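File shown: final22.tsv (TSV, C-alpha atoms and all ligand atoms).
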```
chain	number	residue	atom	x	y	z
A	11	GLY	CA	4.30	23.94	-1.31
A	12	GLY	CA	0.67	24.98	-0.77
A	13	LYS	CA	-2.50	22.91	-0.82
A	14	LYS	CA	-2.61	20.17	-3.41
A	15	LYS	CA	-5.19	18.98	-5.91
A	16	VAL	CA	-6.31	15.47	-4.92
A	17	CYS	CA	-7.90	12.91	-7.23
A	18	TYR	CA	-9.41	9.83	-5.73
A	19	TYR	CA	-10.44	6.49	-7.25
A	20	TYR	CA	-13.24	4.30	-5.93
A	21	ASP	CA	-15.70	1.77	-7.34
A	22	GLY	CA	-18.96	1.31	-5.44
A	23	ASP	CA	-18.84	-2.40	-6.26
A	24	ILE	CA	-15.49	-3.08	-4.52
A	25	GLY	CA	-17.03	-3.92	-1.10
A	26	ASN	CA	-19.16	-6.70	-2.58
A	27	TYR	CA	-16.16	-9.00	-3.29
A	28	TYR	CA	-15.77	-11.71	-0.70
A	29	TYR	CA	-12.62	-13.77	-0.11
A	30	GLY	CA	-14.66	-16.35	1.83
A	31	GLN	CA	-15.75	-17.51	5.27
A	32	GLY	CA	-13.10	-16.55	7.81
A	33	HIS	CA	-10.69	-14.87	5.43
A	34	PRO	CA	-9.13	-11.75	7.03
A	35	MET	CA	-8.97	-9.73	3.80
A	36	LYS	CA	-12.30	-7.90	3.60
A	37	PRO	CA	-12.77	-5.59	0.55
A	38	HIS	CA	-15.71	-4.12	2.49
A	39	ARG	CA	-13.19	-1.95	4.47
A	40	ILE	CA	-12.71	0.31	1.43
A	41	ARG	CA	-16.43	1.03	1.24
A	42	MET	CA	-16.39	1.84	4.97
A	43	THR	CA	-13.41	4.10	4.28
A	44	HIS	CA	-15.31	5.68	1.44
A	45	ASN	CA	-18.42	6.21	3.49
A	46	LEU	CA	-16.48	7.70	6.38
A	47	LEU	CA	-14.68	10.35	4.33
A	48	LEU	CA	-17.96	11.12	2.49
A	49	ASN	CA	-19.71	11.84	5.77
A	50	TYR	CA	-16.91	14.14	6.91
A	51	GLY	CA	-17.64	16.13	3.75
A	52	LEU	CA	-14.30	15.38	2.12
A	53	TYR	CA	-15.83	15.01	-1.37
A	54	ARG	CA	-16.16	18.81	-1.37
A	55	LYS	CA	-12.36	19.20	-1.62
A	56	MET	CA	-11.31	16.51	-4.11
A	57	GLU	CA	-12.26	14.96	-7.44
A	58	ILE	CA	-13.82	11.51	-7.30
A	59	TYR	CA	-13.40	9.05	-10.15
A	60	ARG	CA	-14.60	5.56	-10.69
A	61	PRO	CA	-11.69	3.59	-12.16
A	62	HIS	CA	-12.15	1.73	-15.44
A	63	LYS	CA	-11.53	-2.00	-15.39
A	64	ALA	CA	-7.86	-2.54	-16.36
A	65	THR	CA	-7.52	-5.12	-19.17
A	66	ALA	CA	-5.28	-8.17	-19.66
A	67	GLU	CA	-3.32	-6.05	-22.09
A	68	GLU	CA	-2.67	-3.57	-19.24
A	69	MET	CA	-1.98	-6.35	-16.72
A	70	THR	CA	0.56	-8.16	-18.97
A	71	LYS	CA	2.82	-5.12	-19.14
A	72	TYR	CA	4.26	-6.91	-16.06
A	73	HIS	CA	2.44	-10.22	-15.63
A	74	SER	CA	2.83	-13.27	-17.88
A	75	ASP	CA	0.16	-14.04	-20.48
A	76	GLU	CA	-0.34	-17.46	-18.85
A	77	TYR	CA	-0.99	-16.23	-15.31
A	78	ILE	CA	-3.44	-13.49	-16.36
A	79	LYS	CA	-5.04	-15.97	-18.80
A	80	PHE	CA	-5.56	-18.23	-15.78
A	81	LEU	CA	-6.96	-15.47	-13.54
A	82	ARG	CA	-9.46	-14.67	-16.32
A	83	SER	CA	-10.69	-18.29	-16.46
A	84	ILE	CA	-10.67	-19.61	-12.89
A	85	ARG	CA	-14.02	-19.71	-11.06
A	86	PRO	CA	-15.44	-21.67	-8.09
A	87	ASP	CA	-17.66	-23.64	-10.51
A	88	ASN	CA	-14.58	-24.81	-12.53
A	89	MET	CA	-11.93	-25.25	-9.77
A	90	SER	CA	-11.49	-29.03	-9.87
A	91	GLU	CA	-10.53	-28.68	-13.54
A	92	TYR	CA	-7.57	-26.44	-12.64
A	93	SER	CA	-5.95	-27.93	-9.50
A	94	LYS	CA	-2.53	-28.16	-11.21
A	95	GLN	CA	-2.64	-24.61	-12.63
A	96	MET	CA	-3.94	-23.32	-9.27
A	97	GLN	CA	-0.92	-24.86	-7.50
A	98	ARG	CA	1.37	-23.43	-10.19
A	99	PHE	CA	-0.07	-19.92	-9.67
A	100	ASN	CA	-0.44	-20.13	-5.85
A	101	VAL	CA	-4.22	-19.64	-6.12
A	102	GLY	CA	-6.07	-21.85	-3.62
A	103	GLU	CA	-5.85	-21.04	0.10
A	104	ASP	CA	-4.23	-17.70	1.16
A	105	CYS	CA	-5.31	-16.29	-2.19
A	106	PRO	CA	-8.71	-18.00	-2.68
A	107	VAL	CA	-10.77	-18.24	-5.83
A	108	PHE	CA	-13.92	-16.21	-5.31
A	109	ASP	CA	-16.81	-14.84	-7.41
A	110	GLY	CA	-15.62	-11.85	-9.41
A	111	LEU	CA	-11.92	-12.45	-8.67
A	112	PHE	CA	-10.73	-11.02	-11.95
A	113	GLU	CA	-13.07	-8.00	-11.93
A	114	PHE	CA	-11.81	-7.25	-8.42
A	115	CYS	CA	-8.23	-7.23	-9.74
A	116	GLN	CA	-9.42	-5.06	-12.65
A	117	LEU	CA	-10.95	-2.39	-10.42
A	118	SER	CA	-8.08	-2.60	-7.92
A	119	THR	CA	-5.58	-2.19	-10.76
A	120	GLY	CA	-7.66	0.38	-12.69
A	121	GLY	CA	-7.39	2.95	-9.91
A	122	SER	CA	-3.66	2.62	-9.52
A	123	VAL	CA	-3.04	3.08	-13.23
A	124	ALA	CA	-5.67	5.84	-13.72
A	125	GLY	CA	-3.95	7.60	-10.85
A	126	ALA	CA	-0.54	7.28	-12.54
A	127	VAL	CA	-1.92	8.43	-15.92
A	128	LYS	CA	-3.53	11.43	-14.20
A	129	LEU	CA	-0.20	12.28	-12.55
A	130	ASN	CA	1.61	11.75	-15.86
A	131	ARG	CA	-0.69	14.30	-17.54
A	132	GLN	CA	0.10	16.85	-14.82
A	133	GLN	CA	-3.61	17.10	-13.94
A	134	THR	CA	-3.39	16.30	-10.21
A	135	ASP	CA	-0.71	16.66	-7.52
A	136	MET	CA	-1.94	13.56	-5.65
A	137	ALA	CA	-3.80	10.43	-6.61
A	138	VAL	CA	-5.51	8.16	-4.12
A	139	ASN	CA	-6.48	4.56	-4.71
A	140	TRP	CA	-7.22	2.68	-1.49
A	141	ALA	CA	-8.28	-0.53	-3.36
A	142	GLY	CA	-4.70	-0.81	-4.65
A	143	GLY	CA	-1.40	-1.40	-2.87
A	144	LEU	CA	-1.23	-5.13	-3.46
A	145	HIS	CA	2.54	-5.39	-3.16
A	146	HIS	CA	2.88	-9.14	-2.80
A	147	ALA	CA	1.71	-10.21	-6.28
A	148	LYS	CA	4.49	-11.65	-8.48
A	149	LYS	CA	4.98	-11.92	-12.27
A	150	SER	CA	3.39	-15.39	-12.49
A	151	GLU	CA	2.06	-16.07	-9.04
A	152	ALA	CA	-0.40	-14.75	-6.48
A	153	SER	CA	0.78	-14.17	-2.92
A	154	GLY	CA	-0.32	-12.82	0.46
A	155	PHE	CA	-3.89	-12.02	-0.58
A	156	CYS	CA	-2.75	-10.23	-3.79
A	157	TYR	CA	-3.28	-11.40	-7.36
A	158	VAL	CA	-2.34	-8.54	-9.69
A	159	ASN	CA	0.42	-6.07	-8.71
A	160	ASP	CA	-1.24	-2.69	-9.30
A	161	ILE	CA	1.73	-0.83	-7.84
A	162	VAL	CA	4.22	-2.27	-10.33
A	163	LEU	CA	1.91	-1.54	-13.26
A	164	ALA	CA	1.40	1.96	-11.89
A	165	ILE	CA	5.15	2.44	-11.70
A	166	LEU	CA	5.56	1.07	-15.20
A	167	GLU	CA	3.18	3.88	-16.16
A	168	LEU	CA	5.07	6.60	-14.25
A	169	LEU	CA	8.37	5.52	-15.86
A	170	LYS	CA	6.87	6.69	-19.18
A	171	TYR	CA	7.39	10.36	-18.13
A	172	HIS	CA	9.75	10.07	-15.10
A	173	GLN	CA	13.40	8.92	-15.10
A	174	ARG	CA	13.26	8.10	-11.37
A	175	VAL	CA	10.31	6.87	-9.27
A	176	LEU	CA	10.42	6.35	-5.49
A	177	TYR	CA	8.38	3.55	-3.96
A	178	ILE	CA	7.82	3.61	-0.19
A	179	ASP	CA	5.94	0.85	1.64
A	180	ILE	CA	4.80	1.35	5.24
A	181	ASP	CA	2.66	-1.76	5.34
A	182	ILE	CA	3.82	-4.04	8.14
A	183	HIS	CA	4.70	-6.64	5.51
A	184	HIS	CA	7.65	-6.33	3.13
A	185	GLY	CA	6.96	-5.19	-0.44
A	186	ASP	CA	8.58	-8.17	-2.04
A	187	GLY	CA	6.52	-8.05	-5.25
A	188	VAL	CA	7.50	-4.45	-5.97
A	189	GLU	CA	11.09	-4.93	-4.84
A	190	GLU	CA	11.35	-8.08	-6.98
A	191	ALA	CA	9.93	-6.44	-10.09
A	192	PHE	CA	12.53	-3.58	-9.93
A	193	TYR	CA	15.39	-5.42	-8.24
A	194	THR	CA	17.87	-4.85	-11.09
A	195	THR	CA	17.15	-1.19	-11.98
A	196	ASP	CA	18.04	2.27	-10.67
A	197	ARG	CA	14.98	3.81	-12.34
A	198	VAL	CA	13.01	2.62	-9.30
A	199	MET	CA	14.14	2.94	-5.69
A	200	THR	CA	12.06	0.81	-3.32
A	201	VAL	CA	11.91	1.53	0.40
A	202	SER	CA	10.16	-0.88	2.70
A	203	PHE	CA	9.77	-0.59	6.47
A	204	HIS	CA	8.45	-3.85	7.90
A	205	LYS	CA	8.34	-6.54	10.57
A	206	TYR	CA	11.17	-9.01	9.98
A	207	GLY	CA	11.81	-12.35	11.67
A	208	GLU	CA	9.59	-15.44	11.24
A	209	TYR	CA	6.91	-13.40	9.46
A	210	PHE	CA	5.39	-13.29	5.95
A	211	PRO	CA	6.78	-12.98	3.41
A	212	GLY	CA	10.20	-13.89	4.84
A	213	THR	CA	12.20	-11.51	2.67
A	214	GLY	CA	13.29	-7.92	3.36
A	215	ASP	CA	16.57	-8.30	5.28
A	216	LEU	CA	18.75	-5.23	5.80
A	217	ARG	CA	21.26	-6.88	3.49
A	218	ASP	CA	18.77	-7.10	0.62
A	219	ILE	CA	19.94	-4.07	-1.40
A	220	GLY	CA	19.25	-4.79	-5.06
A	221	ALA	CA	21.47	-6.34	-7.72
A	222	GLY	CA	23.24	-5.40	-10.96
A	223	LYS	CA	22.42	-1.91	-12.20
A	224	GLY	CA	20.07	-1.71	-9.19
A	225	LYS	CA	22.54	-2.41	-6.36
A	226	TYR	CA	21.66	0.14	-3.61
A	227	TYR	CA	18.32	0.90	-5.34
A	228	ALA	CA	16.38	-1.27	-2.90
A	229	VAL	CA	16.29	-0.36	0.83
A	230	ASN	CA	14.90	-2.40	3.72
A	231	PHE	CA	14.30	-1.48	7.33
A	232	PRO	CA	13.56	-4.67	9.31
A	233	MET	CA	11.74	-4.09	12.58
A	234	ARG	CA	10.54	-6.13	15.58
A	235	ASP	CA	7.22	-6.49	17.49
A	236	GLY	CA	5.53	-3.46	19.01
A	237	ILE	CA	7.07	-0.49	17.22
A	238	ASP	CA	5.43	2.80	18.22
A	239	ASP	CA	4.91	6.40	17.03
A	240	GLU	CA	8.14	7.86	18.53
A	241	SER	CA	10.32	4.98	17.29
A	242	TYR	CA	8.80	5.14	13.79
A	243	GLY	CA	9.08	8.94	13.59
A	244	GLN	CA	12.62	8.70	14.98
A	245	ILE	CA	13.72	7.17	11.67
A	246	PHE	CA	11.11	7.65	8.93
A	247	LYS	CA	11.77	11.34	8.15
A	248	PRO	CA	15.57	11.10	8.42
A	249	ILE	CA	15.57	8.12	6.05
A	250	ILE	CA	13.03	9.52	3.60
A	251	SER	CA	14.99	12.80	3.65
A	252	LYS	CA	18.33	11.13	2.79
A	253	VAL	CA	16.64	9.16	0.05
A	254	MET	CA	15.10	12.30	-1.51
A	255	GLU	CA	18.51	14.03	-1.30
A	256	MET	CA	20.47	11.20	-2.93
A	257	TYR	CA	17.98	9.58	-5.30
A	258	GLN	CA	16.08	12.67	-6.51
A	259	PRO	CA	12.94	11.03	-7.92
A	260	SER	CA	10.29	13.01	-9.81
A	261	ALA	CA	7.37	10.77	-8.73
A	262	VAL	CA	6.51	8.94	-5.54
A	263	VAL	CA	4.32	5.92	-4.88
A	264	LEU	CA	3.32	5.44	-1.26
A	265	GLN	CA	1.75	2.21	-0.13
A	266	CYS	CA	-0.11	2.99	3.14
A	267	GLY	CA	-0.91	-0.56	4.28
A	268	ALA	CA	-2.81	-0.14	7.54
A	269	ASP	CA	-1.90	-3.50	9.07
A	270	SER	CA	0.97	-1.56	10.72
A	271	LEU	CA	-1.55	-0.07	13.17
A	272	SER	CA	-1.97	-0.99	16.80
A	273	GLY	CA	-4.56	-3.72	17.21
A	274	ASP	CA	-4.34	-5.16	13.72
A	275	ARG	CA	-5.60	-8.77	13.58
A	276	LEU	CA	-2.51	-9.96	11.73
A	277	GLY	CA	-0.13	-7.09	12.55
A	278	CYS	CA	2.22	-6.83	15.53
A	279	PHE	CA	3.06	-3.11	15.42
A	280	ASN	CA	1.79	-0.46	17.80
A	281	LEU	CA	1.30	2.72	15.68
A	282	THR	CA	-1.68	5.05	15.86
A	283	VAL	CA	-3.52	6.58	12.89
A	284	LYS	CA	-1.59	9.82	13.67
A	285	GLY	CA	1.74	8.06	13.80
A	286	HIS	CA	0.84	6.21	10.62
A	287	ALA	CA	-0.34	9.42	8.88
A	288	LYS	CA	2.85	11.21	9.89
A	289	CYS	CA	4.50	9.24	7.06
A	290	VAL	CA	2.09	10.70	4.53
A	291	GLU	CA	2.76	14.17	5.98
A	292	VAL	CA	6.51	13.69	5.58
A	293	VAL	CA	6.33	12.47	1.96
A	294	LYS	CA	3.84	15.27	1.22
A	295	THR	CA	6.27	18.03	2.18
A	296	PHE	CA	8.57	17.13	-0.73
A	297	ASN	CA	5.97	18.40	-3.30
A	298	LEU	CA	6.36	15.64	-5.89
A	299	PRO	CA	3.68	13.88	-7.94
A	300	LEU	CA	2.43	11.48	-5.32
A	301	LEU	CA	0.38	8.33	-5.80
A	302	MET	CA	-1.08	6.93	-2.58
A	303	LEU	CA	-2.39	3.34	-2.36
A	304	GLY	CA	-3.79	0.94	0.26
A	305	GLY	CA	-2.65	-2.60	1.11
A	306	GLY	CA	-2.88	-4.69	4.30
A	307	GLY	CA	-5.24	-3.97	7.19
A	308	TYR	CA	-7.46	-6.42	9.06
A	309	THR	CA	-9.04	-4.56	11.99
A	310	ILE	CA	-11.40	-2.85	9.55
A	311	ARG	CA	-12.69	-0.06	11.78
A	312	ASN	CA	-9.03	0.95	12.15
A	313	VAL	CA	-8.39	0.71	8.45
A	314	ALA	CA	-11.41	3.01	7.79
A	315	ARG	CA	-10.10	5.58	10.30
A	316	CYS	CA	-6.58	5.33	8.94
A	317	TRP	CA	-7.35	6.02	5.31
A	318	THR	CA	-10.08	8.56	6.07
A	319	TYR	CA	-7.57	10.51	8.15
A	320	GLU	CA	-4.83	10.12	5.53
A	321	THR	CA	-7.14	11.37	2.77
A	322	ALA	CA	-7.83	14.39	4.99
A	323	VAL	CA	-4.05	14.84	5.37
A	324	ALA	CA	-3.69	14.75	1.57
A	325	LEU	CA	-6.20	17.62	1.66
A	326	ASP	CA	-4.66	19.53	4.59
A	327	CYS	CA	-8.15	19.56	5.91
A	328	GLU	CA	-8.62	19.29	9.66
A	329	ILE	CA	-11.40	16.96	10.73
A	330	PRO	CA	-12.86	16.52	14.22
A	331	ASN	CA	-12.08	13.43	16.30
A	332	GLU	CA	-15.86	12.98	16.75
A	333	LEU	CA	-16.82	10.55	13.96
A	334	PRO	CA	-19.73	11.80	11.85
A	335	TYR	CA	-22.75	9.55	11.57
A	336	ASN	CA	-22.20	7.00	8.78
A	337	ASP	CA	-23.54	3.73	7.34
A	338	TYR	CA	-21.13	1.74	9.54
A	339	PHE	CA	-21.29	3.86	12.69
A	340	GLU	CA	-21.58	0.76	14.96
A	341	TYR	CA	-18.24	-0.71	13.75
A	342	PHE	CA	-16.51	2.18	15.52
A	343	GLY	CA	-17.71	1.60	19.08
A	344	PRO	CA	-17.40	1.81	21.93
A	345	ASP	CA	-15.84	5.27	21.51
A	346	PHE	CA	-16.92	6.48	18.04
A	347	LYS	CA	-13.72	8.50	17.73
A	348	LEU	CA	-11.44	8.91	14.73
A	349	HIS	CA	-8.17	8.36	16.55
A	350	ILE	CA	-6.86	5.29	18.30
A	351	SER	CA	-4.83	4.57	21.42
A	352	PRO	CA	-1.67	2.43	21.39
A	353	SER	CA	-1.88	-0.86	23.26
A	354	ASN	CA	0.42	-1.62	26.20
A	355	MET	CA	2.54	-4.14	24.26
A	356	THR	CA	6.32	-4.05	24.68
A	357	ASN	CA	8.25	-2.30	21.92
A	358	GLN	CA	11.01	-4.83	21.05
A	359	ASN	CA	12.65	-2.12	18.93
A	360	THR	CA	15.13	-0.41	21.25
A	361	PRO	CA	16.04	3.20	20.46
A	362	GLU	CA	19.56	1.85	19.88
A	363	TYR	CA	18.38	-0.73	17.32
A	364	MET	CA	16.48	1.94	15.38
A	365	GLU	CA	19.58	4.19	15.31
A	366	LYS	CA	21.87	1.36	14.30
A	367	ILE	CA	19.69	0.20	11.36
A	368	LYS	CA	19.33	3.82	10.24
A	369	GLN	CA	23.11	4.39	10.35
A	370	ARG	CA	23.58	1.23	8.21
A	371	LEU	CA	21.08	2.39	5.58
A	372	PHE	CA	22.83	5.77	5.60
A	373	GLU	CA	26.05	3.93	4.67
A	374	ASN	CA	24.26	2.21	1.81
A	375	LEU	CA	22.79	5.49	0.62
A	376	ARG	CA	26.25	7.13	0.48
A	377	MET	CA	26.93	4.77	-2.46
A	378	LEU	CA	24.65	6.57	-4.90
A	379	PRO	CA	26.00	9.27	-7.24
B	1	CA	CA	6.43	-2.41	4.28
B	2	CA	CA	15.53	-0.84	-7.76
B	3	ZN	ZN	0.55	-6.34	4.91
```
What does this structure look like when you write it as structure tokens?
Amino acid sequence: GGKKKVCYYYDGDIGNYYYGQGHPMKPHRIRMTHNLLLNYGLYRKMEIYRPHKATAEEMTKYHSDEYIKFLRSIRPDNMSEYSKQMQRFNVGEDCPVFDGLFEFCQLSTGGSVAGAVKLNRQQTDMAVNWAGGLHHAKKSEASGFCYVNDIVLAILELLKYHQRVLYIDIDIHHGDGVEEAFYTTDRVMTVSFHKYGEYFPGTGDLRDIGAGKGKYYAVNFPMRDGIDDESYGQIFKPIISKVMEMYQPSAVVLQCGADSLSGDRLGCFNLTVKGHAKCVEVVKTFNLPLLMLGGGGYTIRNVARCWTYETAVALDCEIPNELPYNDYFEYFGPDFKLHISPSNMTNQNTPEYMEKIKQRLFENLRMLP
């Protein structure tokens, strides 16, 4: 399918937002990512855009007027005047109020949508927005560190020019927000691979398959602790292949949540950057308008490496394992390499389990026209 034109969305301000003392979600990781790919000379091969700030008008194409209205108003100075509404909208602990909250959502969202609009116009083959991928956010509620669901809004944009859009979610956590939004339609197929069993967000069972017009247009691959490169690659390509064959989308959205990497602070998977990036490689080969977003990721050196590498994969541009000098060079010790080693954790996902789940999803997929 040849080399592909990549467009890439980043706001220099994004790293300055702070969830608070001790919070694992660190918007700084995107700036590190940015700096890393810059120092590898990857700006030479792609177009760089600074997203606009998405507006409430844009946000309410999915979200309720009341919830956005709230997000626009809530500040740390005025919290105690909003306790009820906070509780209503699950803003308080997991999803803290911080300085610039709304603007952060605006910039996060603005890349996802600008990416979609760019793809809609047939001006890029791939769009990259690492600040996006906030799959947990719900119509009137924040969840799992996400406030505004940029993915959904982006898909609402793609649906303007595409009958069928494929959403794939390789974050360790289940894409409930996206799944939920599109649960009753066939215009969006959602595919989430994720840890399942006593683990946020609690949804994403094999048996969760959509409803109504959208029965079989939601697909879930529940996994256990310690999944590795061979196990993941054993099933990702076969499943993505069958899905492409049966569903035939004309646009793909790929959430590349990096918390599925080995050594993640909150994750319990054992993938490498290469294993992780293999997913991007597989979806790439299909040659469809492809929007790539971020998501989870809490060992921030590993997040930087992951998305740097995956941007380079978008570009089909080989980069050395020797990290170039960069503004965060010390975060990458003691090795200063691009690629990571798996840990020695047990893979609870037997080869047999992986084959069984895949055979069951195959059954489900036979049910499409
Ligand atoms: Ca997932
Ligand atoms: Ca669906
Ligand atoms: Zn996650």
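With only C-alpha atoms and all ligand atoms as the basis for measurement, A:146 is the residue among A:315, A:376, A:146, A:225 that approaches ligand ZN 3 (chain B) most closely.
Distance-wise, atom CA of residue A:91 and atom CA of residue A:211 end up 28.9 Å apart.
Distance check against ligand ZN 3 (chain B) using all atoms listed in the file: of A:328, A:186, A:208, A:75, the minimum falls on A:186.
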Within 9 Å of stretch 306-309 of chain A, which residues of stretch 176-268 of chain A come that close, and what is the closest atom pair and distance in Å for each? Count all atoms listed in the file and give it as CSV.
```
residue,atom,partner,partner_atom,distance
A:181,CA,A:306,CA,6.4
A:182,CA,A:306,CA,7.7
A:183,CA,A:306,CA,7.9
A:266,CA,A:306,CA,8.2
A:267,CA,A:306,CA,4.6
A:268,CA,A:307,CA,4.5
```
| request: Find the residues with any atom within 6 Å of (-12.4, -15.5, -1.3); use only C-alpha atoms and the coordinates as given in the file, and write the answer as a ChimeraX atom specification. | output: /A:28-30,106-108
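Compared by their closest atoms to ligand CA 1 (chain B), and using only C-alpha atoms and all ligand atoms, the residues A:129, A:180, A:250, A:138 rank with A:180 nearest.
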| Near-ligand residues for ligand CA 2 (chain B), threshold 12 Å, all atoms listed in the file, as JSON, numbers by chain | {"A": [162, 165, 174, 175, 176, 177, 178, 186, 187, 188, 189, 190, 191, 192, 193, 194, 195, 196, 197, 198, 199, 200, 201, 202, 218, 219, 220, 221, 222, 223, 224, 225, 226, 227, 228, 229, 230, 257]}
Using C-alpha atoms, can you write the selected residues to a file as a PDB file, in the coordinates of the input?
```pdb
ATOM      1  CA  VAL A 162       4.220  -2.270 -10.330  1.00  0.00           C
ATOM      2  CA  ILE A 165       5.150   2.440 -11.700  1.00  0.00           C
ATOM      3  CA  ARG A 174      13.260   8.100 -11.370  1.00  0.00           C
ATOM      4  CA  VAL A 175      10.310   6.870  -9.270  1.00  0.00           C
ATOM      5  CA  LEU A 176      10.420   6.350  -5.490  1.00  0.00           C
ATOM      6  CA  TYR A 177       8.380   3.550  -3.960  1.00  0.00           C
ATOM      7  CA  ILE A 178       7.820   3.610  -0.190  1.00  0.00           C
ATOM      8  CA  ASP A 186       8.580  -8.170  -2.040  1.00  0.00           C
ATOM      9  CA  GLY A 187       6.520  -8.050  -5.250  1.00  0.00           C
ATOM     10  CA  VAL A 188       7.500  -4.450  -5.970  1.00  0.00           C
ATOM     11  CA  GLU A 189      11.090  -4.930  -4.840  1.00  0.00           C
ATOM     12  CA  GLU A 190      11.350  -8.080  -6.980  1.00  0.00           C
ATOM     13  CA  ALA A 191       9.930  -6.440 -10.090  1.00  0.00           C
ATOM     14  CA  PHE A 192      12.530  -3.580  -9.930  1.00  0.00           C
ATOM     15  CA  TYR A 193      15.390  -5.420  -8.240  1.00  0.00           C
ATOM     16  CA  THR A 194      17.870  -4.850 -11.090  1.00  0.00           C
ATOM     17  CA  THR A 195      17.150  -1.190 -11.980  1.00  0.00           C
ATOM     18  CA  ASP A 196      18.040   2.270 -10.670  1.00  0.00           C
ATOM     19  CA  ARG A 197      14.980   3.810 -12.340  1.00  0.00           C
ATOM     20  CA  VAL A 198      13.010   2.620  -9.300  1.00  0.00           C
ATOM     21  CA  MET A 199      14.140   2.940  -5.690  1.00  0.00           C
ATOM     22  CA  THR A 200      12.060   0.810  -3.320  1.00  0.00           C
ATOM     23  CA  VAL A 201      11.910   1.530   0.400  1.00  0.00           C
ATOM     24  CA  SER A 202      10.160  -0.880   2.700  1.00  0.00           C
ATOM     25  CA  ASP A 218      18.770  -7.100   0.620  1.00  0.00           C
ATOM     26  CA  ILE A 219      19.940  -4.070  -1.400  1.00  0.00           C
ATOM     27  CA  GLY A 220      19.250  -4.790  -5.060  1.00  0.00           C
ATOM     28  CA  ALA A 221      21.470  -6.340  -7.720  1.00  0.00           C
ATOM     29  CA  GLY A 222      23.240  -5.400 -10.960  1.00  0.00           C
ATOM     30  CA  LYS A 223      22.420  -1.910 -12.200  1.00  0.00           C
ATOM     31  CA  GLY A 224      20.070  -1.710  -9.190  1.00  0.00           C
ATOM     32  CA  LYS A 225      22.540  -2.410  -6.360  1.00  0.00           C
ATOM     33  CA  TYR A 226      21.660   0.140  -3.610  1.00  0.00           C
ATOM     34  CA  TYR A 227      18.320   0.900  -5.340  1.00  0.00           C
ATOM     35  CA  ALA A 228      16.380  -1.270  -2.900  1.00  0.00           C
ATOM     36  CA  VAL A 229      16.290  -0.360   0.830  1.00  0.00           C
ATOM     37  CA  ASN A 230      14.900  -2.400   3.720  1.00  0.00           C
ATOM     38  CA  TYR A 257      17.980   9.580  -5.300  1.00  0.00           C
TER      39      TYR A 257
END
```
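Considering the residues A:365, A:100, A:205, A:185 and counting all atoms listed in the file, residue A:248 has its shortest atom-to-atom contact with A:365.
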| task | May I have the residues at most 12 Å from (15.7, 15.0, -0.3) in the file's coordinates, counting only C-alpha atoms, as a PyMOL selection string? | result | chain A and resi 176+247-260+292-298+375
